[PDB]
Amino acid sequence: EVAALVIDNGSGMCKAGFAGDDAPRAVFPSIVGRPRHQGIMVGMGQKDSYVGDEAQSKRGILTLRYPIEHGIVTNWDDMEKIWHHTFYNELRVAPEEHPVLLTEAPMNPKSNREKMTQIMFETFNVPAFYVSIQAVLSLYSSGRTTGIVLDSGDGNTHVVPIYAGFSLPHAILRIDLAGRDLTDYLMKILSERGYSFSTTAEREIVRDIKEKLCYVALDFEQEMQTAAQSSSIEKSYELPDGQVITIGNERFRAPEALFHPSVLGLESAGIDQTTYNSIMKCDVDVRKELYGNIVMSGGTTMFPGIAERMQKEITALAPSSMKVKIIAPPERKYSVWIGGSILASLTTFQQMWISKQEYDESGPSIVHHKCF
């Protein structure tokens, strides 16, 4: 019949599209822009709000705001704005005409979940609704029902153990550093090299440098000295002004913070140690599969060499007899979204939706057990 809409609201990037598609049609920054003081003429700031790429573009005259912090909505009015934009401008459809599948971060408060449910049924009048935990969608997209998902995006890095389709909340752990932190750290060490990246445009350069030249060192030592001697690790980066600049060990030192958060003055365990800690919080019987099904998802897990290094670090922690396997699909930046597109298209899922009818009779509180 009608295609369900699938939206994965990331703290930094929103992924939206139609269930049944192999990738999100719209991927844009989770930003809402408003004129400091509005205008009327073209380029004078006519609209009273901009969302996504447009907001980013015209930031010269708007004040950008990010309604999502760590996968949790902190400004519901702005959130509603992004959702409106998503339906009407991005996907270009009327919400009341399509079941909507949204995603949520692990440990999302029950109040936010209910509030999200309320807006969808009452403000956007969707006919059917569902909320899915991000880590789980990523696991399904990887073709498994059991595994431990390491989801590192822009705001939060979580490790979510899932057995036979159900995540184990008691073992879910969070690492309080993610993509934005790495961009900020790389901007730093790059400033120590004798540069300056401080504006938004400049920070985007660093983001680009981060996403294009950074990598994770298999052995942080062997590399550090490898960059210290031979200039084989070096890479030249062409800037907007045209001039080329060379990046050294900043490439592997920035993502290294993921394994040693102390470098960002953070006292938290790294992604390797945290994965092992989570697995240890799980029942003995499931630990074996978790070890053999460590799935990576999110943009910050895109660092080349990350899978190679996680394998090494984790086999070192796991019993010798343990079969450790790291799964980092090439498309892990859309793993969450893709899982939702599959889920929402299944003939069997059609009875899973929360109906407008049941919402009407029981209210927002039914969302929790309905989407268990």
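Residue numbers here begin at 1 and follow the sequence given.
**Average Cα temperature factor in the PDB entry - higher stretch of 235 to 243, 110 to 118** = Per the PDB entry, the higher value belongs to 235 to 243.
**Request:** Decide which of the stretches 302 to 310 and 29 to 37 has the higher mean C-alpha B-factor, going by the entry.
**Result:** Per the deposited B-factors, the answer is 29 to 37.
**Item:** Residue of maximum C-alpha B factor among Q134, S142, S198, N277, per deposited coordinates
**Value:** Max CA B-factor in the entry, restricted to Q134, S142, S198, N277: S198.
**Request:** For the C-alpha B-factor as written in the entry, point me to the maximum among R180, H98, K212, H170.
**Result:** By C-alpha B-factor in the record, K212 ranks first.
**Request:** Taking the chain's C-alpha temperature factors as the reference, tell me which third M296 falls into: lowest, middle or highest.
**Result:** For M296, the deposited C-alpha B-factor lands in the lowest third.
**Message:** Split into thirds by Cα B-factor across the chain's modelled residues, where does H85 land: lowest, middle or highest?
**Reply:** Lowest third.
**Modelled-residue ranking by C-alpha temperature factor, third containing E192** = As the PDB entry reports it, the C-alpha B-factor of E192 lands in the highest third of its chain.
**Prompt:** Comparing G270 with the other modelled residues of its chain, is its CA B-factor in the lowest, middle or highest third?
**Reply:** Within its chain, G270 is a middle-third residue by C-alpha B-factor, going by the deposited values.
**Prompt:** When the modelled residues of the chain are sorted by Cα temperature factor, does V336 land in the lowest, middle or highest third?
**Reply:** Its C-alpha B-factor belongs to the lowest third of this chain's values.
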